[PDB]
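Heads up, the chain below is alone and in the form deposited in one PDB entry; it's given as structure tokens.
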């Protein structure tokens, strides 16, 4: 008989190459071994277009309801994408919508294998990116001021008190952006980071540009140093670990020379950019896990990479591709493990451990996708296309579940 689940996983489907890979993973790696229960939400671009993005909201509310979600990579449309898919509008990122509704910190960690050396010489130990999931430019307002003018931010309190600040006054076409964050969300982000550091017994590094952004970035800096002082200094001391703060340009300079082995806390944008930098340097974009940890008790598992649009275009031309499904597999296994821990179904957790170990063993034994074959030592035995890779994982699972 198959492994049973107590509570369904909330399943958010997606786009392009990852959409292609998603059913292969379920059909070959999960369904033969688990009577998989999920609440399914299709966040493909066409279904979001059809529902005016309502399906994205519905999926986020369902994660709140059940507690644990697993998300496939999605297209965030720009004007090229509006033309390409014939869209009603440039829909907001489904990641931005979901992350805003859950709140939290996205922990991104390289998935390491013995036959790939890091791009960065000194890196000997994993660097985890702790990415603030809330606010900043992921909920922006923007105006194209085609006739220029006085450009301002304006805050009106709930009793009508107005506070204004002028960005610039211009006599020419200009572009304008406004962003926000909240004291409470920044606070939950500091704590999530400090807790993660303690649990993993790693130092925590944080950086902003507080010299330039004196009320905004400096608030992050002050909140972290206050919360650390009042709540974590002694805990950290006791655990043999340290909190380090510096300016953002300095921190990335320092990072190129470190041995790694820390938690790098990052503001939302920085976390996006640097989780890609870190994943790439350690191996590839596919060799990274990503989990949003909400201060409200929710969890969301995902790949850190996107839809692999470029590979999807090759797929559309009838070509086999060698897109690496590792991150998508680890999103499923992370989510299923968490679900089985919360539900008290340890057989589910054990299978997740197995699938993960089998994924590593297969790559380390020399059967891998093209992203890893380019960078492994010694050279790969077989360079498997996406479906061949997944079939070999299913086979090792059938031979064990």
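Positions refer to the first chain, counted from 1. Take the two forms, find the largest set of C-alpha atoms that superpose within 1.5 Å, and that set is the rigid core.
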If the chain runs straight from residue 400 to residue 401, say none; otherwise bin the unmodelled deposited residues as 1 to 3, 4 to 9, or 10 or more. 1 to 3
Would 101-109 or 317-325 have the larger average of its C-alpha temperature factors, as given in the entry? 317-325
Per the entry, where is the mean C-alpha temperature factor higher: 331-339 or 49-57? 49-57
Given 257, 235, 71, 209, the residue at which the Cα B factor reaches its maximum: 235
Residue set 296, 134, 299, 144, per-entry CA B-factor max assigned to 296
Is residue 123 in the lowest, middle or highest third of its chain when residues are ranked by C-alpha B-factor? highest
Sorting by Cα B-factor within the chain, modelled residues only, which third would residue 92 end up in: lowest, middle or highest? middle
What third of its chain's C-alpha B-factors does residue 356 belong to: lowest, middle or highest? middle
In terms of the chain's CA B-factor thirds, is residue 305 lowest, middle or highest? lowest
Among modelled residues of the same chain, the CA temperature factor third for residue 85: highest
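What follows is about the form deposited in another entry, which we do not show.
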Pick from 168, 253, 112, 273: whose Cα moves by 2 Å or more between this form and the one not shown, rigid core superposed? 168
Core fit, then residue 147 C-alpha moves 2 Å or more between this form and the one not shown: yes
Fitting the rigid core first, would the Cα of residue 313 be found 2 Å or more away between this form and the one not shown? yes
